[PDB]
There are 6 protein chains.
Amino acid sequence: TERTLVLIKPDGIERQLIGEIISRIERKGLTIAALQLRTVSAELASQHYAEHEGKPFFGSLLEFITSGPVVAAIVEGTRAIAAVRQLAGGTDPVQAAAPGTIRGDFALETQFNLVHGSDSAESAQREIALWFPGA
Amino acid sequence: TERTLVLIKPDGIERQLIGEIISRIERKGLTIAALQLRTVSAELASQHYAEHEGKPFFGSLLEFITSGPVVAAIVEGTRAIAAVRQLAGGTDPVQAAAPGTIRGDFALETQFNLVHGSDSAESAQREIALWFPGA
Amino acid sequence: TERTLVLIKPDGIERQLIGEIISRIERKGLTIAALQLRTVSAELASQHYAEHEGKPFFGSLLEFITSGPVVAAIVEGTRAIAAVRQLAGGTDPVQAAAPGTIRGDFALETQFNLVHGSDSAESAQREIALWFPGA
Amino acid sequence: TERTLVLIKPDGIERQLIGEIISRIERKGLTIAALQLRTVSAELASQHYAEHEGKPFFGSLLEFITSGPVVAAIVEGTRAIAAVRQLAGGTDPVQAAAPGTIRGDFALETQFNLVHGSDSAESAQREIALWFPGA
Amino acid sequence: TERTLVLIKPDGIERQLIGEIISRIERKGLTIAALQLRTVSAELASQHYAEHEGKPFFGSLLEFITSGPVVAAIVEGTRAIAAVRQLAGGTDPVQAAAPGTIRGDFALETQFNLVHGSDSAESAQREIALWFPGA
Amino acid sequence: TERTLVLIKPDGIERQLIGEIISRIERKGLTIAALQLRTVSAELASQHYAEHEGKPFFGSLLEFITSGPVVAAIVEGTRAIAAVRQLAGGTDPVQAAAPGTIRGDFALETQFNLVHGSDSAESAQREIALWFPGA
C-alpha cells in the first residue's frame, strides 16, 4: 500500500467540490489517512512548486495557491499514486482529461483544474513530507 | 468566451434525460444562455441538415428530428464548443463514445444518440443563427 | 392530467441547479410540456405577484424576479400540481422544507428558495395563461 | 451567520461516507471553515461527552468515539446550526430520521448514527473551543 | 436481525429502477439475502393479495401483478422490516410518501407505486414462505 | 438483439454495488432478462473458468468465485455484448479501465474487479447455457 498527496486547490473549494472529490477517492477503494483544510504560506508554496521557479508562470502560480485555503490529504492504498492520477485526469481538462474524471467532468481551463495528485513515488515522498512533516 | 448550439433530440426527451444532460453542462462550468423546448419545422429541419440534402437518408432524418419536440440551447463559456463535444462523446455510443460521456452512459445506437453539439466555431454561428435568430 | 407552472428563479440559475431541478421533475414521472429561459418584465412580475400588491416586501419581490433570467416551464401529468409542490418543499427551506426536497437539500433562506410551483388548480390556470399565452 | 461543529464519527469513516456527508453540507449552501481528520484522546472524548459523566454507557461511549479516527469540521453560514441538524436527521435513524437525511438514508441503529451536529448556539461554542482551541 | 420481503413490481421494472431501488437498500446498511427476477402465477398472486379478495379492485390487482415480471428479494438486517418501510414511503406517493423515499421521488399514483415491503413480522414470515419456499 | 451474461462477483456484493452496477446497465438502455443471487459450486466454477485450467492462478480463481454468493444476470438488447464490456471497462481497473466505467470508478486490483461480461457471442451462448440451463 503506497501513499500519495492530494490537494484540492482554491478553485475546487470555491466551487464546492470537496465532498465530490473525496467521494470519488473513497468509492475507488482508497482510504483517507490524513485530511486538513489550511492556508498556504509562500514558503510552502515555493517549495511545492520548486521545479518551476525559473518558468514565467511561477509568479502567478504561487499567487493562486495562496489566494485561498486548500484541502490537503494523504491518500493510502493499493496503487494509490496511479489510481489518484487516473481519477483526476490529464492536466488540460478539455483536451487531455477524459469525461468521467474529476477534471473532465468539472473543469474548463488548465489554470483552474481543481486538484493535484503526486505524479510519482519519488514525488509523493517529497510532497507528503513537505505538507505533513513527520508522517 | 465562445458559444455553441446544443440540441437534445426527441429520443433524449422521450427517455427523460433533459435535466441529466443540462446538469452535466452546468457542472462542467458552462452557462446556459438560451433554453427552449420547441417543435421543429420541416423547413427548419432541412436547413439544419442541409449538408445531407443529397444523401439517401435525408428523408428519415427530417422525419425523426420532427417526430417530436426538441430542446435547443445556447451554451456559453470558455472552450464551450470543444467542451460540449467532449461531454457528448463520439457519434457511435458504443464504439466511439467513452463511458462517462452522455452517449457513452445512455445510448446504444448512432441513430438515437440523444444530443447534438456544434462541431466547430464555424457551424456554431450557422446553427445558432437558424435556431436563435438575433442572439 | 393536470398542468402546473414551474419557475426556476434567478438564484436557482445562479447556483447552476437547472438540470438538477428538472431531473427531479422528470424522475418523478412528470413531463415537461413547455420550457423557456427568459427575462421578466416589470409588468409580468406585477401580475404574477398580484396578491402581494399591498405588502412591505412587494417591492423587493419585483426587484428580485427581475434581477436576472428565469426558467419557466409547464409541467404536465397526473397530480402535477400537488406533485411539484411535494418536490419543492415548504417555503422556509430550513423549518418547513423536508430534506429530500429541492428547498430542503439546497436552500437556506426563504428569500432565495430557488423555485416556484403553482399552489392550486385556480392559481395554475392563471399562471399558465400569464407565462405561456395561447399554450 | 453562525458556526456549528460537525463530527463524522468512526462508523461514518469506516463506511466511506466522508465525501457524501460533506457534499450534502456544501450543496446546502454552507461553507467548511475548518476540516481535520484526527484521533480523539479519551481525555478529549470525556470532555466532549461530559454530559453523561455518570450514566452507565459512558464507558463504551468513550471506547467507540476513541476506537477510530474522526473528521471534525466547523460549518459556517446562515442558520448553520439548525441547517446541519435538519440535514443529519433525528437520533434514531429509523424512527426519528426522515428519508433524505444523512441518518435516514444510511443508518440503522442509534449507536452508529454516523454524524454529530451541535444542537445550539451555546453547545456550538463549547464544542468548537474544545475541538478547535483558539478559533 | 430480521428479514422482510421486497417486491419490485412490474411498473418498477418497466421504468428501469431496479438498481436504484436496490442501491437504496444497500446504502441503508441492509443486506440482500435472496434476489430473483421471475413471473407471477395467478395462484401466487391470489395468495399474496388474499387480504383483498372480497374487494372491487382485487381483480385489477391480480391482473397487474401478473402482467409482467417482478423482482423478489429477501432483505436481512437490524430493524429490516421497519427500515424497508421507511425507505419505501407511504402508499400514496404524493400525499403520504415523503420526498427522499422511493415512492416520494419516483411515483405519482397509488396503483403504480413501484415496490412492496412486508408491513410486519407476521406478514414477513408469510410472504417469505410464499415467495421463497424453504428459505 | 443479442444477449450476454453478467456476473457480479463476491467482491462486488461485499462492497454493496449491486444496485449501482445494475443501474448502469439499465440507464444504458439494456434490459435485465434474468437476475438471480446464488452460490457457485466447484463444478460450475470449473466449467465457467475452463479456459484457465492449467494456469498458476486457476486454483485461487475457483476459491474466490466460490467464497461467497454472486449475482448472475442475462442482459439483453442491441449490441448488448459489446455494450456491457464498454460499461465494465478493461481487466486492470487502474491501467486498462477508463474512469467512468465500473472498474475504473470502483476497483483497484485485477483480482477484485467486481464484474464479468461475456467477451464474445460464442462465449455468451456457452456462459448463458451454463448459468441459466434451458433459456
Side-chain angles (χ1 to χ4, degrees), chain A residues 8 11-27 37 71 102 105-107 114-115, chain B residues 19-20 22-29, chain C residues 8-25 27 87-90 92-95 97-115, chain D residues 1 4 6 8 12 17-33 35 71 73-89 97-106 114-115 117, chain E residues 27 99-100 105:
Chain A
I8 295 176
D11 57 315
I13 293 188
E14 189 177 303
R15 295 186 57 199
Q16 310 148 64
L17 293 171
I18 300 175
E20 178 68 27
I21 292 174
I22 288 170
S23 281
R24 301 200 177 199
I25 295 170
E26 287 175 297
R27 69 173 181 174
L37 176 70
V71 170
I102 298 177
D105 294 339
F106 307 112
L114 312 161
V115 73
Chain B
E20 178 67 27
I22 288 170
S23 280
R24 300 201 177 198
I25 295 169
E26 286 175 297
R27 69 172 181 175
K28 177 67 169 177
Chain C
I8 295 176
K9 306 171 192 176
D11 57 315
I13 293 187
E14 189 177 303
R15 294 186 57 200
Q16 309 148 65
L17 293 171
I18 300 174
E20 178 69 27
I21 292 174
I22 288 169
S23 280
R24 301 201 177 198
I25 294 170
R27 69 172 182 175
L87 256 36
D92 186 299
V94 174
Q95 292 182 54
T101 57
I102 298 178
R103 291 165 175 168
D105 293 339
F106 307 112
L108 246 19
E109 316 175 66
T110 300
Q111 310 68 276
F112 308 116
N113 61 1
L114 313 160
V115 73
Chain D
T1 293
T4 186
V6 172
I8 295 179
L17 292 171
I18 300 174
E20 178 68 27
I21 292 174
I22 288 170
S23 280
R24 300 202 176 198
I25 295 170
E26 288 176 295
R27 69 172 181 175
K28 177 68 169 177
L30 299 165
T31 72
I32 284 65
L35 185 63
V71 170
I74 292 176
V75 174
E76 183 177 293
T78 304
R79 261 116 77 71
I81 297 172
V84 164
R85 297 238 105 194
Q86 180 195 193
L87 255 37
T101 57
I102 298 178
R103 291 165 174 168
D105 294 337
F106 306 112
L114 312 161
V115 72
Chain E
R27 68 171 182 175
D105 294 338

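To find a chain, count down the sequence lines: A is the first, B the second, and so on, and within it residues start at 1.
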- request: For residues C:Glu109 and C:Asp11, determine if any side-chain heavy atom of one lies less than 4.5 Å from a side-chain heavy atom of the other.
  value: no
task: Using a cut-off of 6.0 Å, state whether more than 12 heavy atoms not belonging to C:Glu14 lie near its atom CD.
output: no
message: For the CD atom on C:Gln111, are there more than 12 heavy atoms of other groups (residues, nucleotides or ligands in this structure) within a distance under 6.0 Å?
response: yes
Backbone N/O of [Y] and side chain of [X]: donor-acceptor pair under 3.5 Å:
{"X": "C:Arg15", "Y": "C:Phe106", "result": "yes"}
{"X": "D:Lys28", "Y": "C:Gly104", "result": "yes"}
{"X": "C:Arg103", "Y": "C:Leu114", "result": "no"}
{"X": "D:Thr4", "Y": "D:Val75", "result": "no"}
{"X": "D:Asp105", "Y": "D:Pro99", "result": "no"}

[atom2] on [Y] to [atom1] on [X], rounded to 0.5 Å:
{"X": "D:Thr31", "Y": "A:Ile18", "atom1": "OG1", "atom2": "CD1", "answer": "9.0 Å"}
{"X": "D:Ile25", "Y": "D:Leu87", "atom1": "CD1", "atom2": "CG", "answer": "6.5 Å"}
{"X": "C:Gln95", "Y": "D:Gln86", "atom1": "CD", "atom2": "CD", "answer": "9.5 Å"}
{"X": "C:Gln16", "Y": "A:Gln16", "atom1": "CD", "atom2": "CD", "answer": "8.0 Å"}

Please give me the minimum heavy-atom distance between [X] and [Y], naming the atom from each residue.
{"X": "D:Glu26", "Y": "D:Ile32", "answer": "CG-CD1, 3.9 Å"}
{"X": "C:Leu108", "Y": "D:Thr78", "answer": "CG-O, 3.4 Å"}
{"X": "D:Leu35", "Y": "D:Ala73", "answer": "CD1-CB, 3.7 Å"}
{"X": "A:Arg24", "Y": "A:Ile102", "answer": "NH1-N, 3.8 Å"}
{"X": "D:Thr101", "Y": "D:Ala97", "answer": "OG1-CB, 3.7 Å"}
{"X": "D:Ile22", "Y": "A:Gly19", "answer": "CG2-N, 3.7 Å"}

task: Any chance you could lay out the side chain to side chain contact (heavy atoms under 4.5 Å, CB included) test for D:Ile21 and D:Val71, step after step, and finish with the verdict?
output: CA-CA 11 Å; D:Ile21 292 174; D:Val71 170; over 6 Å; no
